[PDB]
Amino acid sequence: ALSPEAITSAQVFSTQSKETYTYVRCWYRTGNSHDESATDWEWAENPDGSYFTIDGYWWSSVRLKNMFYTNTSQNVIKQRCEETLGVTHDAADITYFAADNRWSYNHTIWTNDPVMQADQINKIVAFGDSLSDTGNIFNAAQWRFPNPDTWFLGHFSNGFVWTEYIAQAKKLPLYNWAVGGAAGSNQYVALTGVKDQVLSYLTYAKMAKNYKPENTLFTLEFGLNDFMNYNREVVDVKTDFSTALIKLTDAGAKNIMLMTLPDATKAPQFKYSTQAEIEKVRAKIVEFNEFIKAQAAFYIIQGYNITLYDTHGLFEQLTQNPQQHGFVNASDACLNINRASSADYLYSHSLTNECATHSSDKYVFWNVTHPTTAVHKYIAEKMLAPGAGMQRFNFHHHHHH
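Residues numbered from 1 in each chain as written, not as in the entry; some residues may be left out. Heavy atoms only, no water.

- Structure determination for the deposited model, as stated in its record, used X-ray crystallography, and the stated resolution is 2.30 Å.

- Per the PDB entry, the protein carries the name Thermolabile hemolysin and comes from Vibrio vulnificus.

Take a look at the structure:
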């Protein structure tokens, strides 16, 4: 039950004073396409071949969910990984973490902000569920869920998710607090709800140096995993979501990206479902989407930088006319799964012959519920488009010759 307001300046000083070093684990997709989710890693090296280390300190409130705080930029770390791996395929999709040893978990590396800090967005912080999670439930599941041969290293897709595509387009670090709530995640110990992700984030941000919440772009999507796998009532999801935004804005957040939930009943899982089952899930999404719109409007009135993306509408166009958006199939899972369940995420599956023929980049769905990385990319492109909503955020704004 860690509370950021309980953390003392003495705990802050003691944590930061434990200066040490760690190594960098560089992950990459071994195959040349998004069809193959399998990954491997190597230790980052210096140009001379010696191991690349980073100086800094750890903090957790446990020890296994530890974050490493360094002054080394994300650019320098990524460059070391890119130069060490020597992989040339576009789908290498390199990711990196702090690790002392081969048995260590994948620890997020946080680059501490400088004292001389420009007034603009310098990082993206994500809150959410399996549509945003890049490795939290994976670490909690001891790298077993979602299966790393079928699902891209802790991601609930065959590649990067929408937040990573936005971070890459903006050239900003992405720090993920989203927790995958997909079927079978209940077997693992992790944050329940989006209010607790905000509380957890604030405790880690307390250990950061020169941190200014106004310079963070926060992203928030939640509700689908709760509605579909935990049979949660709308009233409870609304309370959790509302409380998370209250905590976030009360902590000094200024730039927040909100989004409506796509209608999960349009997914292949609901192909043969009764209208009663479809209506029960759809009613919850529709009601929750109207609530998100009112929450967005409320924070706009107060003077916050809010963008609300209609991802529900974007997804409706996609599933209704896939060929109009560069997709061949919006009705079947790309994976060969005949009896859908929690084993979609626990065990490995091959692509159907049909998906291998067209490629996973031409399919909307990876399994019966989760979309492919091409869909995440497509969504990010729509969000990043001129005048689509990114202009409301305090990004760097250049001069004109």
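**Here we look at the state of the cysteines**
Phase 1: Per the stated rule, a full pass over the model turns up 2 disulfides.
Phase 2: In this model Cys334 forms its disulfide with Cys355; the gap between the sulfur atoms is 2.0 Å. Taking the sign of the S-S torsion, -90° for the link of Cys334 and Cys355, the bridge is left-handed. Linking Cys334 in the loop between β12 (329-333) and α10 (343-346) with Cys355 in helix α11 (residues 353-358), this pair joins segments that are 21 residues apart in sequence. (Disulfide = S-S within 2.5 Å. Helix = DSSP H or I, 4+ residues; strand = E, 2+ residues; numbered from the N terminus.)

**Some thoughts on the domain arrangement of the protein**
Phase 1: When its domains are assigned, the protein resolves into domain 1 (1-119) and domain 2 (120-401).
Phase 2: Residue-level contacts link 42 residues of domain 1 with 43 residues of domain 2.
Phase 3: Counting the surface lost from both domain 1 and domain 2, the interface buries some 3,700 Å², and carbon and sulfur atoms represent 56% of this.
Phase 4: Of all residues in domain 1, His34, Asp35 and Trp110 give up the largest surface area on contact with domain 2, accounting jointly for 17% of the area buried on that side.
Phase 5: Run the count over domain 1 and domain 2 and you get 1 salt bridge.
Phase 6: Its salt-bridge partner being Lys123, residue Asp113 comes within 2.9 Å of it at the nearest N-O pair.
Phase 7: Secondary structure elements with two or more residues in the side of domain 1 that touches domain 2: α1 (9-17), β1 (20-29), β3 (53-59), β4 (67-70), β5 (95-99) and β6 (109-111).
Phase 8: With 4 residues, α1 is the single largest residue contributor to the side of domain 1 that touches domain 2. (Domains from an automatic or database assignment. Contact = heavy atoms within 4.5 Å. Buried area = accessible area lost by both parts, 1.4 Å probe. Salt bridge = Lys/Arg side-chain N within 4 Å of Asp/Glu carboxyl O.)

**Thoughts on helix α7 (residues 234-250)**
Phase 1: Counted at 1.5 Å a residue, the expected span for α7 with its 17 residues is 24 Å, and the 24 Å between its end C-alpha atoms agrees.
Phase 2: When we look at burial in α7, the residues that qualify are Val234, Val237, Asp240, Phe241, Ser242, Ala244, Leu245, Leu248 and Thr249.
Phase 3: Elements in contact with the buried residues of α7: β7 (123-127), α5 (194-205), β9 (216-220), α6 (224-229), β10 (255-259) and α8 (275-301).
Phase 4: The positive-phi residue at the C-terminal boundary of α7 is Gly252, with phi of around 105°. (Expected span 1.5 Å × (residues − 1). Buried < 20%, exposed > 50% of the residue type's maximum accessible area, 1.4 Å probe, protein only.)

**Some words on the sheet that holds strand β11 (residues 305-309)**
Phase 1: The parallel open sheet is built from 5 strands, whose spatial order is β8-β7-β9-β10-β11. For this open sheet the edge positions go to β8 (174-176) and β11, each flanked by a neighbour on one side alone. Averaged over all adjacent pairs, the angle separating strand axes in this sheet is 20°, with direction ignored.
Phase 2: Contacts from α7 reach β7, β9 and β10, with the element oriented near 165° to β10. (Pairing = 2+ DSSP bridges. Axes fitted to C-alpha atoms, helices over the stretch in contact; angles between N-to-C directions.)

**Here's the deal with the packing of helix α4 (residues 162-170) against helix α12 (residues 373-384)**
Phase 1: At their nearest, the axes of α4 and α12 sit 8 Å apart, and the two run at 50° to each other. When the axis of α4 is compared with that of α12, the two are oblique. Judged by the twist between their axes, the crossing of α4 over α12 is right-handed. Contacts from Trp162, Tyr165, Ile166, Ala169 and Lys170 in α4 reach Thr373, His376, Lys377, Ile379, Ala380, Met383 and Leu384 in α12. (Parallel < 35°, antiparallel > 145°, perpendicular 65-115°, else oblique. Left-handed = near helix turned anticlockwise from the far one by under 90°.)

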